[PDB]
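Asks: Below are the structure tokens for one structure; questions will follow.
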């Protein structure tokens, strides 16, 4: 499997501070059935996103999802072994920061995961139960498909 | 001349009872011409 | 100042054998107390040497960057208890000095 | 006094080989083609034709110095396919394209003139 | 005492801006001008709809060894570090280099210039003069192309 996280999000704000880059817009989302905060940067030129859009977010360790480990190298000609291509937007990146609200005295209750997709940054907040699978300096695939 | 210094180089630095560095504004004098022996021998200046 | 009184924070920071040794050994506790006394005396010496509280000081080895390099090289997980003993830290620092 | 003669930009004198092929030891199935006395005119068209082959993994060209006249072309292919075969196929492919373009341009000239 | 200057610096900041996306042929053309390249094409930052790379990925390939460095861009707001979004930067103005890869930030004078604590300085002090020379040459060739 390798799916670290899976949910459906709702776009609430697109560039609240203002547009800082032409091809990249920063969007804030609130999930349902998990109550997950999310900040995501997407390439708005290739993938247009409007307010009120619903999409399914899948965070996966590998695209094959058969337990096969990825080498991290671009191999376009080996598209054979049944990769997860049911999603319109697929990104690749590395998680670099894990934040905890606690003071490390008793336990940790909420976690923040910071993933950088080649400079396109993403923060995902929420409970530690759904964020247990994230480990710092691991390599993470992001997959979205817009829902109608 | 006479001026309260706005820079910590010529301000007075004291260590408080809690132990943090604190800067105090105190009047200093700037002269024109030098007599260091007599100025230091005056009762009123800081010799250190 | 290292705290060996609080057991739960010790359980978070270190492993069970290390916290058992720390909570048991008065020799280890006395060595840690001597380390804190030495750092307090060093603080007094620093405050004698540097008035006005200027901390930017030119020094050869960049210890913060070396620690960061060690963390990235050895894949240190900051959310797990460690296996490093404080007496090993103190003795290694003394032998390096 | 140090100006090179203008014919050395395109003329091979005695001793130089036009193409030399060296394998790349860093990655498998990769070769470097060094072409003498040529420039971007052939380099870009060969690179663009090589990028259309689905069994070519890497394709590019470079000029190491604008004052000198040589090209390095590095081609990496999938296993069971060789970069020399890819290069030969690309050159034959471009020749076929240019022949088609030449005959269609001749037809268009004949159509426009007195027609 | 030596730093990145002129056209190379002006194009480094634009290359390292967040909204710059490179496609396949441009990526291969830029990768041929790396002397220290290991011959493996990295996974693109975007895989679908079309494979698109980012300039930070290519400059991370340029960065040698496992350099760790933190710098700030010249247009960095003074209130970002105090308030929220400290590690999720809105303007991408906080340069963070981790394990020899450019995670985030926009490069400028303050990271590639002749100042103490720069990326070039840390590269020298961690790798040596030979690797720093290769770093200089690779930066200039790739960015100029």
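Residue numbers (UniProt numbering), protein chains in the order written: chain E, 2 to 149; chain C, 1308 to 1355; chain A, 921 to 1017; chain P, 1 to 115; chain G, 534 to 678.
Ideal placement from N, C-alpha and C gives every residue a C-beta, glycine not left out.
1) Of the residues that make up the segment 6-25 of chain E, which ones have a beta carbon closer than 8 Å to any beta carbon in chain G?
2) At a cut of 8 Å, does the segment 979-998 of chain A reach the segment 22-35 of chain P through at least three beta carbon pairs?
3) Please go through the same chain and pick out, in chain order, the residues whose beta-carbon is closer than 6 Å to the beta-carbon of residue 129/E, but skip the five residues on each side of it.
4) I need the straight-line Cα distance from residue 58/E to residue 636/G, nearest angstrom please.
5) From this set, 1010/A, 937/A, 1016/A, 1014/A, which residue's C-alpha is nearest residue 922/A's C-alpha?
6) Please list, in chain order, the chain C residues whose beta carbon lies closer than 7 Å to that of residue 971/A.
7) Would you report the Cα separation of residue 560/G and residue 11/P, rounded to the nearest angstrom?
8) Is the shortest distance between the beta-carbon of residue 976/A and the beta-carbons of chain G less than 8 Å?
9) Counting only Cβ pairs nearer than 8 Å, list the residues of chain A close to residue 631/G.
10) How about residue 78/P and residue 50/P: are their beta carbons less than 8 Å apart?
11) I'd like to know whether the C-beta of residue 601/G is nearer than 8 Å to at least one C-beta of chain A.
12) Taking residue 639/G as the reference, which of 575/G, 555/G, 629/G, 646/G has the closest Cα?
13) Can you give the Cα-Cα distance for residue 1003/A and residue 996/A, rounded to whole angstroms?
14) Taking residue 635/G as part of the alpha helix (DSSP H), name the residues at either end of that continuous run.
15) Nearest chain P C-beta to residue 614/G closer than 8 Å, yes or no?
16) If we count the other Cβ atoms within 10 Å of its Cβ and call it buried at 16 or more, is residue 127/E buried or exposed?
17) Does DSSP put residue 105/P in a helix, in a strand, or in coil?
18) Looking only at its own chain, which residues have a Cβ that is under 6 Å from the Cβ of residue 91/E, when we skip the five neighbours before and after it?
19) Does the separation of the CB atoms of residue 116/E and residue 137/E fall below 8 Å?
20) In the DSSP assignment, what residue or residues form a beta bridge with residue 602/G?
21) Using 10 angstroms around the beta-carbon of residue 604/G, count the other beta-carbons present and answer buried if the total reaches 16, otherwise exposed.
22) Whole angstroms are fine: how far does the CA of residue 928/A sit from the CA of residue 3/E?
23) Kindly identify the DSSP beta-bridge partner or partners of residue 115/E.
24) If you drop the 5 nearest sequence neighbours on each side, which residues of the same chain put their C-beta closer than 8 Å to that of residue 39/E?
25) Any C-beta of chain A sitting closer than 8 Å to the C-beta of residue 113/E?
26) For residue 598/G, collect the residues of the same chain with a Cβ closer than 6 Å to its Cβ; drop the 5 residues on either side in sequence, then sort them by chain order.
27) At a CB distance below 8 Å, what residues from the segment 67-93 of chain P approach chain E? Give them in sequence order.
28) Entirely within the segment 547-600 of chain G and at least 4 residues each: give me those alpha helix (DSSP H) ranges in chain order.
29) May I ask you to report which of helix, strand or coil DSSP gives residue 1011/A?
30) On a CA-only basis, which of 7/P, 13/P, 44/P, 33/P is nearest residue 82/P? Give me that one, please.
31) Can you list, in chain order, the residues of its chain with a C-beta nearer than 8 Å to that of residue 26/E? Leave out the 5 residues immediately preceding and following it.
32) Fully enclosed by the segment 46-81 of chain E, which beta strand (DSSP E) runs are 3 residues long or longer?
33) Out of 589/G, 572/G, 653/G, 623/G, state which residue places its alpha-carbon closest to the alpha-carbon of residue 538/G.
34) Please report the Cβ distance between residue 967/A and residue 1322/C, rounded to the nearest whole angstrom; I am assuming they are in contact, meaning their Cβ atoms lie under 8 Å.
35) Looking at the secondary structure, which residues open and close the beta strand (DSSP E) in which residue 32/E lies?
36) Mapping the DSSP letters down to three states, classify residue 646/G as helix, strand or coil.
Replies: To lay it out plainly:
1) Cβ contacts with chain G come from 18, 21, 22, 23, 24, 25.
2) no
3) Here residue 129/E corresponds to residue number 128 of the first chain, with the count starting at 1. If we look at residue 129/E and ignore the five residues flanking it on each side, its Cβ neighbours are 109, 112.
4) Working through the first chain from its first residue, we reach residue 58/E at position 57. Working through the fifth chain from its first residue, we reach residue 636/G at position 103. Taking the straight line from one Cα to the other gives about 22 Å.
5) Within the third chain, numbered from 1, the residue matching residue 922/A stands at position 2. Among 1010/A, 937/A, 1016/A, 1014/A, the Cα nearest to that of residue 922/A belongs to 1010/A.
6) Along the third chain, read from residue 1 onward, the residue named residue 971/A stands at position 51. Here the neighbours are 1320.
7) For the purposes of this step, residue 560/G is taken as residue 27 along the fifth chain, with counting starting at 1. For the purposes of this step, residue 11/P is taken as residue 11 along the fourth chain, with counting starting at 1. Put simply, the backbone Cα of residue 560/G is about 32 Å away from that of residue 11/P.
8) On the third chain, position 56 is the one that residue 976/A refers to. No, no contact with chain G.
9) Translated into the one-based positions of the fifth chain, residue 631/G becomes position 98. Here the neighbours are 992.
10) Taking the first residue of the fourth chain as 1, we reach residue 78/P at position 78. Taking the first residue of the fourth chain as 1, we reach residue 50/P at position 50. Contact flag unset, no.
11) Position 68 of the fifth chain, counted from the first residue, corresponds to residue 601/G. Yes - at least one Cβ of chain A is within 8 Å of the one on residue 601/G.
12) Here residue 639/G is taken as the residue at index 106 of the fifth chain, counted from 1. Nearest of 575/G, 555/G, 629/G, 646/G to residue 639/G, Cα basis: 629/G.
13) Working through the third chain from its first residue, we reach residue 1003/A at position 83. Working through the third chain from its first residue, we reach residue 996/A at position 76. Cα to Cα, the separation comes out at about 11 Å.
14) Locating residue 635/G in the fifth chain gives position 102, where the first residue counts as 1. No alpha helix (DSSP H) contains residue 635/G, which is instead part of the beta strand (DSSP E) from 634-637.
15) Residue numbering aside, residue 614/G sits at position 81 when the fifth chain is read from its first letter. Taking Cβ atoms only, chain P never reaches closer than 8 Å to residue 614/G, which makes this a no.
16) Reading the first chain from its first residue, position 126 is the one you call residue 127/E. The residue is buried, with at least 16 neighbouring Cβ atoms inside 10 Å.
17) Reading the fourth chain from its first residue, position 105 is the one you call residue 105/P. The answer is helix: DSSP assigns residue 105/P an H, G or I state.
18) One-based indexing of the first chain puts residue 91/E at position 90. These residues qualify, in order along the chain: 144.
19) Here the question's residue 116/E lines up with position 115 in the first chain. Here the question's residue 137/E lines up with position 136 in the first chain. No.
20) Mapped onto the fifth chain, residue 602/G falls at position 69. Answer is 630/G, bridged to residue 602/G.
21) Taking the fifth chain and counting its residues from 1, one reaches residue 604/G at position 71. Label assigned to residue 604/G: buried.
22) Taking the first residue of the first chain as position 1, residue 3/E is located at position 2. Taking the first residue of the third chain as position 1, residue 928/A is located at position 8. If you take the alpha carbons of residue 3/E and residue 928/A, they lie about 34 Å apart.
23) In the first chain, residue 115/E corresponds to position 114, counting from 1. In DSSP, residue 115/E forms a bridge with 98/E, 124/E.
24) As a working mapping, residue 39/E is identified with position 38 in the first chain. Hits under 8 Å: 10, 29, 30, 31, 32, 58, 123, 124, 125, 126.
25) As a first step, residue 113/E is located in the first chain; it is residue number 112 there, counting from the start. Residue contact check for residue 113/E against chain A: no CB pair falls below 8 Å.
26) Taking the first residue of the fifth chain as 1, we reach residue 598/G at position 65. Closer than 6 Å at Cβ, skipping near neighbours: 633, 660.
27) Residues 78.
28) 557-564, 588-595
29) The residue given as residue 1011/A occupies position 91 in the third chain. Residue 1011/A: helix per DSSP, three-state reduction.
30) The residue given as residue 82/P occupies position 82 in the fourth chain. Nearest C-alpha to residue 82/P: 33/P.
31) For the purposes of this step, residue 26/E is taken as residue 25 along the first chain, with counting starting at 1. Hits under 8 Å: 15, 16, 20, 42, 43, 45, 50.
32) 55-61
33) For the purposes of this step, residue 538/G is identified with residue 5 of the fifth chain, where counting begins at 1. When each option's Cα is compared against that of residue 538/G, the closest is 653/G.
34) Taking the third chain and counting its residues from 1, the one referred to as residue 967/A is at position 47. Taking the second chain and counting its residues from 1, the one referred to as residue 1322/C is at position 15. The Cβ separation is near 7 Å, so the contact holds.
35) Here residue 32/E corresponds to residue number 31 of the first chain, with the count starting at 1. From DSSP, the beta strand (DSSP E) with residue 32/E extends over 25-32.
36) Residue mapping note: residue 646/G aligns to position 113 of the fifth chain, counting from 1. In the structure shown, residue 646/G sits in coil (DSSP, three-state: anything other than H, G, I, E or B).
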